[PDB]
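Residue numbers (the numbering used here): 1397 to 1475.
No residue lacks a Cβ here, since even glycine has one placed at the ideal position from N, Cα and C.
Here is the structure we will look at, set down as structure tokens.
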Ligand SMILES: [Ca+2]
Ligand SMILES: [Ca+2]
């Protein structure tokens, strides 16, 4: 069920990969801004930092799959 069948991961991984238009494996604040910008929203660095920091467990200025998945699942943990 939740083994070889990667449905949830694909969705998250698909959203993450799409965000990483560069495919470098990580989305930088500038790159994230581009994604958020498209979503009809564009917060200031501050909000981006506070939002990124809120999840950036390591605080590197970038978002990884685990971090991205947590941020999404963290805001949609309801499911
Ligand atoms: Ca990137
Ligand atoms: Ca990070």
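By the three-class DSSP mapping on this structure, what secondary structure does residue 1459 have? strand
Between residue 1440 and residue 1403, what straight-line distance do the alpha-carbon atoms span, to the nearest angstrom? 34 Å
Can you tell me which of the three DSSP states residue 1432 falls into? helix
If you drop the 5 nearest sequence neighbours on each side, which residues of the same chain put their C-beta closer than 7 Å to that of residue 1457? 1424 and 1425
Say the cut is 7 Å; is the CB of residue 1458 nearer than that to a heavy atom of ligand 2? yes
Any heavy atom of ligand 1 inside 7 Å of the beta-carbon of residue 1426? no
Same chain, Cβ closer than 7 Å to residue 1421, five either side skipped, listed in chain order: none
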